[PDB]
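Please read the structure below before turning to the comments.
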Amino acid sequence: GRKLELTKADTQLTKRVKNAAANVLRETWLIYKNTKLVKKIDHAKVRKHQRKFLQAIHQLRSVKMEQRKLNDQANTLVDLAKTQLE
Amino acid sequence: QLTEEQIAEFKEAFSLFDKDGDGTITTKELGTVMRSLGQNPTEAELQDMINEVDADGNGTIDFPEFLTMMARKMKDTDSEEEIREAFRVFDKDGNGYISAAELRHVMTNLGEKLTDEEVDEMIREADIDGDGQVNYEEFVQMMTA
Ligand SMILES: Cc1cc(C)n(-c2nccc(Nc3ccc(Cl)cc3)n2)n1
Ligand SMILES: [Ca+2]
Ligand SMILES: [Ca+2]
């Protein structure tokens with residue numbers, strides 16, 4: 001039997017991914033431009049885009065964590081169904 | 001792909017989810033089942049669980065959507081590392097050992113518990129060297145072999 005083995009590992013989430021990912025591109029570019037393509041660095045501009053960059057990166061981390069959570073919930077139900085194979 | 005016997009056994013499995021026996025699994029029934037397994041999915045997570053399996057978009061999971069779904073996740077993997085990690089929780093000094101006394105303290109007080117007698121049978125198998133200490137990596141390897 002299966003003994004101790006277990007299963008091997010949304011429109012709203014997709015929209016959260018596309019908006020956050022576009023903002024990572026936006027802010028990576030604006031930090032790069034304001035730190036490497038200007039004659040004089042405007043630190044207020046850099047702080048602003050660093051705040052927007054960290055928020056977009058952390059939003060993508062949040063979606064990925066929620067997808068991992070959803071995947072394990074689905075695997076929990078699949079594992080329960082697989083007890084009937086015994 | 002699924003065999004005749006697996007299709008039959010998964011019909012029995014469908015009854016673990018379809019609580020009222022009306023032929024469909026709702027978010028409400030999935031919530032009850034998940035909570036009976038000590039999980040706490042939010043409403044959106046329950047809806048997501050239904051929506052990923054609900055091919056016709058009627059808001060519930062029927063037996064063919066349930067079966068079709070089981071076919072995609074038949075692959076299993078060994079649990080050795082995860083089980084070892086669960087023993088590591090009780091390895092106070094992080095030395096790879098749990099004493100026979102600490103194993104009794106844990107097993108007779110935490111979770112569902114074992115009787116002192118069941119603990120005796122577990123320790124007899126776990127303590128390979130008869131030194132009153134359990135090398136839990138070795139014990140888990142033995143049970144998953
Ligand atoms: C990528 C992705 C995200 C989710 C949620 N996925 C998924 N996959 C399979 C099943 C399932 N839910 C489910 C529903 C009912 C039962 Cl009884 C058992 C599993 N959900 N997949
Ligand atoms: Ca039902
Ligand atoms: Ca349906």
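Just so we're on the same page: first chain in the structure tokens is A, next is B, and so on; residues restart at 1 for each chain, and ligands are numbered from 1 in the order they show up.
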Sorted by chain and rising residue number, which residues of chain A lie within 6 Å of chain B, and what are their closest atom pairs and distances in Å to one decimal, counting only C-alpha atoms, as JSON lines?
{"residue": "A:5", "atom": "CA", "partner": "B:78", "partner_atom": "CA", "distance": 4.7}
{"residue": "A:6", "atom": "CA", "partner": "B:76", "partner_atom": "CA", "distance": 5.1}
{"residue": "A:7", "atom": "CA", "partner": "B:76", "partner_atom": "CA", "distance": 4.2}
{"residue": "A:8", "atom": "CA", "partner": "B:76", "partner_atom": "CA", "distance": 4.7}
{"residue": "A:81", "atom": "CA", "partner": "B:13", "partner_atom": "CA", "distance": 4.9}
{"residue": "A:84", "atom": "CA", "partner": "B:9", "partner_atom": "CA", "distance": 5.5}
{"residue": "A:85", "atom": "CA", "partner": "B:9", "partner_atom": "CA", "distance": 5.9}
Could you please take those selected residues and save N, CA, C and O atoms as a PDB file, in the first residue's frame?
ATOM      1  N   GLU A   5       3.579   7.406   2.293  1.00  0.00           N
ATOM      2  CA  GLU A   5       3.708   8.335   1.161  1.00  0.00           C
ATOM      3  C   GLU A   5       2.530   9.283   1.066  1.00  0.00           C
ATOM      4  O   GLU A   5       1.422   8.954   1.491  1.00  0.00           O
ATOM      5  N   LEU A   6       2.768  10.466   0.491  1.00  0.00           N
ATOM      6  CA  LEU A   6       1.713  11.454   0.266  1.00  0.00           C
ATOM      7  C   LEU A   6       1.824  12.059  -1.121  1.00  0.00           C
ATOM      8  O   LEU A   6       2.867  11.947  -1.756  1.00  0.00           O
ATOM      9  N   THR A   7       0.764  12.738  -1.571  1.00  0.00           N
ATOM     10  CA  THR A   7       0.725  13.369  -2.902  1.00  0.00           C
ATOM     11  C   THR A   7       1.952  14.250  -3.131  1.00  0.00           C
ATOM     12  O   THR A   7       2.278  15.075  -2.282  1.00  0.00           O
ATOM     13  N   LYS A   8       2.643  14.051  -4.272  1.00  0.00           N
ATOM     14  CA  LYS A   8       3.823  14.854  -4.582  1.00  0.00           C
ATOM     15  C   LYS A   8       3.366  16.251  -5.019  1.00  0.00           C
ATOM     16  O   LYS A   8       2.500  16.365  -5.889  1.00  0.00           O
ATOM     17  N   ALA A  81      -8.688  11.630  -0.099  1.00  0.00           N
ATOM     18  CA  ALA A  81      -9.329  10.741  -1.084  1.00  0.00           C
ATOM     19  C   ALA A  81      -8.514   9.453  -1.289  1.00  0.00           C
ATOM     20  O   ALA A  81      -9.092   8.364  -1.348  1.00  0.00           O
ATOM     21  N   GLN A  84      -8.817   5.953   0.652  1.00  0.00           N
ATOM     22  CA  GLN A  84      -9.789   4.960   0.173  1.00  0.00           C
ATOM     23  C   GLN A  84      -9.149   3.912  -0.770  1.00  0.00           C
ATOM     24  O   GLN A  84      -9.773   2.881  -1.066  1.00  0.00           O
ATOM     25  N   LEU A  85      -7.898   4.165  -1.221  1.00  0.00           N
ATOM     26  CA  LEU A  85      -7.135   3.221  -2.049  1.00  0.00           C
ATOM     27  C   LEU A  85      -6.583   2.062  -1.179  1.00  0.00           C
ATOM     28  O   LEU A  85      -6.177   1.040  -1.724  1.00  0.00           O
TER      29      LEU A  85
END
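With a cut-off of 12 Å and using only C-alpha atoms and all ligand atoms, the polymer residues contacting ligand 2 are residues 14, 15, 16, 17, 18, 19, 20, 21, 22, 23, 24, 25, 26, 27, 28, 29, 30, 31, 32, 33, 59, 60, 61, 62 and 63 of chain B.
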* Which of chain A DSSP labels alpha helix (DSSP H), written as JSON, numbers by chain -> {"A": [11, 12, 13, 14, 15, 16, 17, 18, 19, 20, 21, 22, 23, 24, 25, 26, 27, 28, 29, 30, 31, 32, 33, 34, 35, 36, 43, 44, 45, 46, 47, 48, 49, 50, 51, 52, 53, 54, 55, 56, 57, 58, 59, 60, 61, 62, 63, 64, 65, 66, 67, 68, 69, 70, 71, 72, 73, 74, 75, 76, 77, 78, 79, 80, 81, 82]}
I need the chosen residues saved as a PDB file, in the first residue's frame, with C-alpha atoms.
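again.pdb written:
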ATOM      1  CA  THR A  11      -8.879  35.448 -11.784  1.00  0.00           C
ATOM      2  CA  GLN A  12      -8.266  37.671  -8.709  1.00  0.00           C
ATOM      3  CA  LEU A  13      -4.776  36.128  -8.066  1.00  0.00           C
ATOM      4  CA  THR A  14      -3.836  36.413 -11.797  1.00  0.00           C
ATOM      5  CA  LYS A  15      -4.762  40.140 -11.725  1.00  0.00           C
ATOM      6  CA  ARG A  16      -2.746  40.624  -8.507  1.00  0.00           C
ATOM      7  CA  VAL A  17       0.290  38.946 -10.294  1.00  0.00           C
ATOM      8  CA  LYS A  18       0.077  41.023 -13.521  1.00  0.00           C
ATOM      9  CA  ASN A  19      -0.297  44.390 -11.740  1.00  0.00           C
ATOM     10  CA  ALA A  20       2.458  43.639  -9.163  1.00  0.00           C
ATOM     11  CA  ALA A  21       4.830  42.250 -11.865  1.00  0.00           C
ATOM     12  CA  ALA A  22       4.251  45.315 -14.123  1.00  0.00           C
ATOM     13  CA  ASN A  23       5.054  47.516 -11.061  1.00  0.00           C
ATOM     14  CA  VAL A  24       8.281  45.552 -10.359  1.00  0.00           C
ATOM     15  CA  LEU A  25       9.334  46.346 -13.979  1.00  0.00           C
ATOM     16  CA  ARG A  26       8.252  49.995 -13.571  1.00  0.00           C
ATOM     17  CA  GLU A  27      10.179  50.578 -10.356  1.00  0.00           C
ATOM     18  CA  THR A  28      13.277  48.566 -11.274  1.00  0.00           C
ATOM     19  CA  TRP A  29      13.525  50.783 -14.334  1.00  0.00           C
ATOM     20  CA  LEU A  30      12.895  54.038 -12.420  1.00  0.00           C
ATOM     21  CA  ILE A  31      15.432  53.158  -9.670  1.00  0.00           C
ATOM     22  CA  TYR A  32      17.990  52.224 -12.348  1.00  0.00           C
ATOM     23  CA  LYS A  33      17.381  55.432 -14.358  1.00  0.00           C
ATOM     24  CA  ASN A  34      17.550  57.621 -11.182  1.00  0.00           C
ATOM     25  CA  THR A  35      20.745  55.997  -9.816  1.00  0.00           C
ATOM     26  CA  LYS A  36      22.757  55.183 -12.987  1.00  0.00           C
ATOM     27  CA  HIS A  43      17.586  60.869  -3.284  1.00  0.00           C
ATOM     28  CA  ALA A  44      13.899  61.842  -2.754  1.00  0.00           C
ATOM     29  CA  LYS A  45      13.119  60.262  -6.193  1.00  0.00           C
ATOM     30  CA  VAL A  46      15.178  57.112  -5.276  1.00  0.00           C
ATOM     31  CA  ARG A  47      13.358  56.731  -1.874  1.00  0.00           C
ATOM     32  CA  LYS A  48       9.964  57.037  -3.639  1.00  0.00           C
ATOM     33  CA  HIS A  49      10.745  54.353  -6.230  1.00  0.00           C
ATOM     34  CA  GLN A  50      12.406  52.118  -3.589  1.00  0.00           C
ATOM     35  CA  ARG A  51       9.116  52.229  -1.604  1.00  0.00           C
ATOM     36  CA  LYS A  52       7.118  51.379  -4.754  1.00  0.00           C
ATOM     37  CA  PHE A  53       9.661  48.641  -5.724  1.00  0.00           C
ATOM     38  CA  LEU A  54       9.514  46.893  -2.310  1.00  0.00           C
ATOM     39  CA  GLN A  55       5.706  47.029  -2.312  1.00  0.00           C
ATOM     40  CA  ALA A  56       5.504  45.353  -5.764  1.00  0.00           C
ATOM     41  CA  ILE A  57       8.156  42.689  -4.925  1.00  0.00           C
ATOM     42  CA  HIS A  58       6.372  41.893  -1.607  1.00  0.00           C
ATOM     43  CA  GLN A  59       2.954  41.749  -3.390  1.00  0.00           C
ATOM     44  CA  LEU A  60       4.405  39.089  -5.751  1.00  0.00           C
ATOM     45  CA  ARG A  61       5.811  37.189  -2.740  1.00  0.00           C
ATOM     46  CA  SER A  62       2.318  37.310  -1.160  1.00  0.00           C
ATOM     47  CA  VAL A  63       0.648  35.837  -4.253  1.00  0.00           C
ATOM     48  CA  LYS A  64       3.241  33.069  -4.533  1.00  0.00           C
ATOM     49  CA  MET A  65       2.703  32.202  -0.819  1.00  0.00           C
ATOM     50  CA  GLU A  66      -1.085  32.103  -1.331  1.00  0.00           C
ATOM     51  CA  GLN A  67      -0.652  29.812  -4.394  1.00  0.00           C
ATOM     52  CA  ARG A  68       1.546  27.461  -2.263  1.00  0.00           C
ATOM     53  CA  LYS A  69      -1.155  27.497   0.439  1.00  0.00           C
ATOM     54  CA  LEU A  70      -3.931  26.740  -2.117  1.00  0.00           C
ATOM     55  CA  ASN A  71      -1.812  23.924  -3.614  1.00  0.00           C
ATOM     56  CA  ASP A  72      -1.319  22.253  -0.216  1.00  0.00           C
ATOM     57  CA  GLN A  73      -5.040  22.588   0.584  1.00  0.00           C
ATOM     58  CA  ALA A  74      -5.812  20.764  -2.714  1.00  0.00           C
ATOM     59  CA  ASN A  75      -3.129  18.136  -1.864  1.00  0.00           C
ATOM     60  CA  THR A  76      -4.753  17.661   1.605  1.00  0.00           C
ATOM     61  CA  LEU A  77      -8.092  16.752  -0.034  1.00  0.00           C
ATOM     62  CA  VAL A  78      -6.337  14.506  -2.641  1.00  0.00           C
ATOM     63  CA  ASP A  79      -4.465  12.766   0.246  1.00  0.00           C
ATOM     64  CA  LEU A  80      -7.758  12.207   2.115  1.00  0.00           C
ATOM     65  CA  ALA A  81      -9.329  10.741  -1.084  1.00  0.00           C
ATOM     66  CA  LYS A  82      -6.264   8.445  -1.502  1.00  0.00           C
TER      67      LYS A  82
END
* **Contact residues around stretch 89-99 of chain B with only C-alpha atoms at 7 Å, ignoring same-chain residues under 2 positions, as a PyMOL selection string** => chain B and resi 85-87+101-103+132-136
Grab the residues selected above and save them as an mmCIF file, in the first residue's frame with N, CA and C atoms.
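Printed below is result_12.cif as written:
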data_model
loop_
_atom_site.group_PDB
_atom_site.id
_atom_site.type_symbol
_atom_site.label_atom_id
_atom_site.label_comp_id
_atom_site.auth_asym_id
_atom_site.auth_seq_id
_atom_site.Cartn_x
_atom_site.Cartn_y
_atom_site.Cartn_z
ATOM 1 N N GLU B 85 11.668 15.869 10.391
ATOM 2 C CA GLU B 85 11.463 17.246 10.850
ATOM 3 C C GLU B 85 10.490 17.304 12.040
ATOM 4 N N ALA B 86 9.433 16.452 12.022
ATOM 5 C CA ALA B 86 8.460 16.391 13.122
ATOM 6 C C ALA B 86 9.172 15.854 14.399
ATOM 7 N N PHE B 87 10.060 14.838 14.266
ATOM 8 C CA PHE B 87 10.780 14.388 15.458
ATOM 9 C C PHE B 87 11.719 15.497 15.972
ATOM 10 N N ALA B 101 12.825 8.622 27.839
ATOM 11 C CA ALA B 101 12.008 9.376 28.811
ATOM 12 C C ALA B 101 11.332 10.599 28.162
ATOM 13 N N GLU B 102 12.065 11.351 27.307
ATOM 14 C CA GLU B 102 11.462 12.497 26.647
ATOM 15 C C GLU B 102 10.384 12.036 25.646
ATOM 16 N N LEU B 103 10.639 10.912 24.934
ATOM 17 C CA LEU B 103 9.648 10.389 24.002
ATOM 18 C C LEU B 103 8.353 10.037 24.746
ATOM 19 N N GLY B 132 18.512 3.539 25.689
ATOM 20 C CA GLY B 132 17.521 4.469 26.228
ATOM 21 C C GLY B 132 17.462 5.781 25.462
ATOM 22 N N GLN B 133 18.019 5.792 24.234
ATOM 23 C CA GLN B 133 18.074 6.970 23.370
ATOM 24 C C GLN B 133 17.616 6.629 21.962
ATOM 25 N N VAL B 134 16.875 7.524 21.329
ATOM 26 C CA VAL B 134 16.376 7.256 19.994
ATOM 27 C C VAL B 134 17.094 8.154 18.996
ATOM 28 N N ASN B 135 17.792 7.541 18.049
ATOM 29 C CA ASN B 135 18.423 8.265 16.939
ATOM 30 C C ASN B 135 17.270 8.365 15.962
ATOM 31 N N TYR B 136 16.569 9.509 15.950
ATOM 32 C CA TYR B 136 15.325 9.538 15.177
ATOM 33 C C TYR B 136 15.521 9.520 13.671
#
* Just give me the gap between atom CA of residue B:106 and atom CA of residue B:81 in Å, one decimal is fine. =>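 Between these atoms lies a distance of 20.1 Å.
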* **Residue with smallest distance to ligand 1 - pool B:57, B:72, B:131, B:1, counting only C-alpha atoms and all ligand atoms** =>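 The closest residue to ligand 1 is B:72.
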